[PDB]
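These protein sequence lines map, in sequence, to chains A and B.
Residues 299 to 338, 350 to 716 in the authors' numbering are what the first sequence lists, from first letter to last.
Residues 299 to 338, 348 to 718 in the authors' numbering are what the second sequence lists, from first letter to last.
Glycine included, each C-beta is placed from N, C-alpha and C at the ideal position.
Input: a single structure, listed below in structure tokens.
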Amino acid sequence: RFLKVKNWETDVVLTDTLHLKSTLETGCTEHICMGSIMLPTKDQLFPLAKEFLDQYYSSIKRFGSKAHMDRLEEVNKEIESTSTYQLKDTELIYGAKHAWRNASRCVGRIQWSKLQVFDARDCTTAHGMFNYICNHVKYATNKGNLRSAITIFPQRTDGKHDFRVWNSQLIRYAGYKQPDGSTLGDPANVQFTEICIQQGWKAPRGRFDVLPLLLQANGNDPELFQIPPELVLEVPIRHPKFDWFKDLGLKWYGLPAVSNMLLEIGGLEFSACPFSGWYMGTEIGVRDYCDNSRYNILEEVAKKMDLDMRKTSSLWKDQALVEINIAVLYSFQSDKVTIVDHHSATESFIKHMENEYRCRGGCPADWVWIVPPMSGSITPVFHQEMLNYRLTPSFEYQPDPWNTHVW
Amino acid sequence: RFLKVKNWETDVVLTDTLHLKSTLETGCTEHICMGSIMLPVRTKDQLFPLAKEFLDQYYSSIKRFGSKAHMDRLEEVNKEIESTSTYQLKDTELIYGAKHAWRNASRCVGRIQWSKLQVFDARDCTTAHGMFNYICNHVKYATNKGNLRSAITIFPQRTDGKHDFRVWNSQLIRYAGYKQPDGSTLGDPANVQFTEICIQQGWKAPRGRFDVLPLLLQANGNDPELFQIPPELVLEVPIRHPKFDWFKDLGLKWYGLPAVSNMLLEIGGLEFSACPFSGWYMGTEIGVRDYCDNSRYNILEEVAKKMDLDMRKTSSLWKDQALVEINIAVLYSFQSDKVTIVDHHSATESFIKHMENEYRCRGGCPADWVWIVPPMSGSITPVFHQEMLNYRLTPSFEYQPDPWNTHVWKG
Ligand code: HEM
Ligand code: HEM
Ligand SMILES: Cc1cc(N)nc(CCc2cc(F)cc(CC[C@@H]3C[C@H](F)CN3C)c2)c1
Ligand SMILES: Cc1cc(N)nc(CCc2cc(F)cc(CC[C@@H]3C[C@H](F)CN3C)c2)c1
Ligand SMILES: C[C@H](O)[C@H](O)[C@H]1CNc2nc(N)[nH]c(=O)c2N1
Ligand SMILES: C[C@H](O)[C@H](O)[C@H]1CNc2nc(N)[nH]c(=O)c2N1
Ligand SMILES: [Zn+2]
């Protein structure tokens, strides 16, 4: 019950005890493992707050102090009267850093403690949300020297006054279904690109059209805002060996900024909490460009390479996939925009695991998501056993707003 | 209670009811998932329910559930257990059980072929020489001059655990590995410990980089004995590359027949501790793992050197570049010598068809995503985007401890 994880490339064995702190459920049972499934009142609130505050005052080596019990009583009092409570700034920063730290699917967690936390709990309107988000984008982009950041909008009250960012990421390319057949732009964003136009957006109907922001303050109807183009750093995609690569007309944005998740701290639900870091190269080159349900450019790259596309066993998809991902890294590095290759990021994560087992006793990790989508077994995480369990504070998925919002 | 899995590339959703017939445990709990963990003595008490459960399955599949043949076989198995503490499978039951052990192997991407297994009954075998003969015949049959055929050979079942039949090799055909005094390894680093046992048991090692290991065979619980597989039975493919003429000068070769020999087959509560089985290779087993794992032949360096890649920073993806060429070479060499092989795109697409068929005619298909997804180019194969439910059905193939750790030595 004090479990161990073996690395099969190095025979290193770590002993996990943090998992016994786990609270939420995995979706698995003793009879079935769901490890590859994408998505599985006053009374409940105070224990949630007590648990959070308890781990908070332990982190500052003040467990069982006057300040501890005072804050416990203080929050206890506020919950009994107000039926919720407000986090101290110090608790808010800690809660957010640990939500990232606890994100078992995230390979970039070695950087968890350097997060820049922007308190936007004083926000009241979508224009205000826009302003906070513009400031976030500029701070995080930092002229290509990217910096991690989260901006936290007011917490849920009764579920009728929810703050929500309707975009899945702050920066995303539009996608338009075609009269003849398939999709122009990004197919993953077709419904959202629809709802923007269907809410008022004027689409330039290109391939790499930056979507507008669709912001919902206090449960009101959402509003469209265009992010100033000078704040959207983009990288033209070229190849260091293939001069015809520019001709493909590819580019990507520099800032990955997830905006549709829910941040849970001490029982409190922050439904609008956009956070950003920097890209791992394969997120763009393997998934964004080469997924069949996305930009799906493999055929054309292989064609331009004059590879034998007659049989799958010539490995022409594999050959193109590598070249595409070399170009993405070359392009970002050339333009001095932060990016990490999957070899560096997974090595970093092994070192982060070793740190967490050492200074914390564990590290929840989701192998299905930590292993990169290309060249999996030549990366050290492939041979690393990992235990997956849910700690809190946490980032959680939430329903898409348009399915919910009393419009 | 029904369960759904979604393919996120195609939005195809499937409904699993077969997980209801799940008996064994996964290792997971509601509070921890052990999905990435590699590998996480039976009395008459619990044996008849395990037999009854198996025989119910067997007669259901031949559409004879509740027949007189079914009830008489239950009763005959009953008395045989209480009188002898074990029981013997009929030939039909052995074939059914072993095919279904393969069918239930949740980590096996090649299961579309499960119904075509050739089953060799070796339950009359009694000595290590008899085992060697059966194994030679298996290799000849399965190799079929390069037109590989799946097969399994089944030696006598466990009795009191003190008389096990075991094949001490992890695979019937494997290359030796030799630890040098300077710290380096010659041959296959994965086989250094087994190679040392063989040398201790009297094997004269040629000490090359591709020495076929001898068979080390244990019958009825006696000390194991050494036999050399006749070289003309061991089909090997020199590896060359279709564009790189220098690739042949690396001196690489691999054997054609993948044949796992250290697993336990469980049917109706009976334990078959020696059940070597064989199929054909997916190219990545050789080109990604066998050659490019840091803990195997690890040729990425020299291939990248001969390709004159930018090897300084990892962000040039020279490692990913060399891996693809090596895997082109393995596929080209096998197809050119007409030795059966399947690429990882074909195999995973076939498996998706298999799985959808299993959901439709069987109510599910237990699948271990961590093992099904190929070790290169994961997300450009259809299994990456496929949700999968993992659970344990019997008959099954199980891991067992290495025999040199448990065996009581006669001398
Ligand atoms: C700074 C560099 C970062 C890198 C390289 C990185 C990388 C990744 C990758 C590759 C994934 C896999 C998901 C996918 O493939 O779409 C992921 C998931 C995730 N990341 Fe990180 N990330 C970074 C920063 C952050 C930050 C700053 C946060 C939060 C403050 C965060 C939170 C998460 C969460 C919650 C998930 C899981 C989503 C889920 O459960 O499905 N990441 N990350
Ligand atoms: C016919 C072509 C076959 C192919 C291409 C194939 C391929 C594979 C692959 C790639 C794996 C993953 C394990 C690894 O990478 O080391 C695997 C596992 C497995 N295969 Fe298949 N296989 C084939 C035939 C068979 C046969 C004939 C059997 C048994 C009769 C079998 C039983 C298994 C089992 C039990 C596992 C699970 C290993 C474990 O639990 O660790 N396979 N196979
Ligand atoms: C901050 C950051 C840094 C970085 N390097 N990368 C990212 C993007 C990774 C990601 C994180 C997340 F918290 C949720 C999603 C949504 C995943 C989507 C949603 C759907 F369910 C299937 N996935 C395609 C994606 C973010
Ligand atoms: C029949 C067949 C066809 C095919 N195409 N391939 C294989 C080999 C794959 C494999 C299958 C198996 F049933 C057990 C193992 C044992 C796993 C060992 C242990 C360690 F993890 C490294 N593996 C080599 C490996 C077999
Ligand atoms: C830690 C991890 O479970 C281990 O490295 C597994 C992962 N998936 C695998 N998948 C296959 N096909 N073969 C393997 O050896 C492994 N190794
Ligand atoms: C079905 C499967 O769970 C799904 O395709 C997952 C697999 N692993 C993943 N891993 C990462 N990093 N990102 C993903 O979107 C997915 N998708
Ligand atoms: Zn699980």
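{"Check": "Within-8 Å CB hit, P356/A to chain B", "Outcome": "no"}
{"Check": "Whether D675/A touches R414/A by CB criterion (8 Å)", "Outcome": "yes"}
{"Check": "Local Cβ density within 10 Å of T399/B, reported as buried at 16 or more and exposed below that", "Outcome": "exposed"}
{"Check": "Anticipated Cβ contact below 8 Å, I480/A with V541/A, distance rounded", "Outcome": "6 Å"}
{"Check": "Three-way DSSP call (helix, strand, coil) for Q642/A in this model", "Outcome": "helix"}
{"Check": "Any chain B beta carbon closer than 8 Å to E694/A", "Outcome": "yes"}
{"Check": "Short CB-CB distance (under 8 Å) between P682/B and chain A", "Outcome": "yes"}
{"Check": "Proximal residues of chain A, C-beta to C-beta of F691/B below 8 Å", "Outcome": "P682"}
{"Check": "Reduced DSSP category for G685/B - H, G, I as helix; E, B as strand; rest coil", "Outcome": "helix"}
{"Check": "Which residues DSSP lists as bridging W561/B, in chain order", "Outcome": "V544/B"}
{"Check": "Cβ pair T701/B, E578/B closer than 8 Å", "Outcome": "no"}
{"Check": "Inter-residue Cα distance where the pair is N444/A and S585/A", "Outcome": "13 Å"}
{"Check": "Cβ contact (3+ pairs, closer than 8 Å) linking the region 543-551 of chain A and the region 635-653 of chain A", "Outcome": "yes"}
{"Check": "Any residue whose CB is nearer than 6 Å to a heavy atom belonging to ligand 1, listed in chain order", "Outcome": "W409/A, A412/A, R414/A, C415/A, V416/A, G417/A, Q420/A, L424/A, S457/A, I459/A, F584/A, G586/A, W587/A, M589/A, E592/A, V649/A, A654/A, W678/A and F704/A"}
{"Check": "Any C-beta of chain B under 8 Å from that of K550/A", "Outcome": "no"}
{"Check": "C-beta atoms of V631/A and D650/B nearer than 8 Å", "Outcome": "no"}
{"Check": "Any chain B beta carbon closer than 8 Å to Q478/A", "Outcome": "no"}
{"Check": "Element boundaries [alpha helix (DSSP H), containing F439/B]", "Outcome": "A435 to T450"}
{"Check": "Residues from the region 615-639 of chain A in contact with chain B, defined by Cβ distance under 8 Å", "Outcome": "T621, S622, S623, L624, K626, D627, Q628, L630, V631, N634, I635 and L638"}
{"Check": "Counted within 10 angstroms of its Cβ, other Cβ atoms place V348/B as buried (16 or more) or exposed", "Outcome": "exposed"}
{"Check": "Contact list for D709/A against chain B, beta-carbon separation under 8 Å", "Outcome": "Under the 8 Å cutoff, chain B gives no residues; its nearest Cβ is about 15 Å from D709/A."}
{"Check": "Within 9 Å of chain A by C-beta, residues of the region 321-334 of chain B in sequence order", "Outcome": "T321, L322, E323, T324, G325, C326, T327, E328, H329, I330, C331, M332, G333 and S334"}
{"Check": "Min CB distance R667/B to chain A below 8 Å", "Outcome": "no"}
{"Check": "Outcome for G563/A when other beta-carbon atoms lying within 10 angstroms are tallied against a minimum of 16", "Outcome": "buried"}
{"Check": "Every unbroken alpha helix (DSSP H) within the region 578-628 of chain B, with a cutoff of 4 residues, ordered by chain", "Outcome": "607-614"}
{"Check": "Any non-hydrogen atom of ligand 7 closer than 7 Å to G333/B Cβ", "Outcome": "yes"}
{"Check": "According to DSSP, residues forming a beta bridge with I459/B", "Outcome": "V426/B and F584/B"}
{"Check": "Helix, strand or coil at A566/A according to DSSP, with G and I counted as helix", "Outcome": "strand"}
{"Check": "Distance between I687/A and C599/B (C-alpha atoms, nearest Å)", "Outcome": "7 Å"}
{"Check": "Contact with chain A by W678/B, beta-carbon distance below 8 Å", "Outcome": "no"}
{"Check": "Element boundaries [alpha helix (DSSP H), containing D363/A]", "Outcome": "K351 to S368"}
{"Check": "Residues sharing a beta bridge with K486/A, DSSP", "Outcome": "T492/A"}
{"Check": "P708/A: CB within 7 Å of a non-hydrogen atom of ligand 3", "Outcome": "no"}
{"Check": "Near ligand 6: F691/B beta-carbon under 7 Å from a heavy atom", "Outcome": "yes"}
{"Check": "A566/A: CB within 7 Å of a non-hydrogen atom of ligand 3", "Outcome": "yes"}
{"Check": "Which of helix, strand or coil DSSP assigns to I574/B", "Outcome": "strand"}
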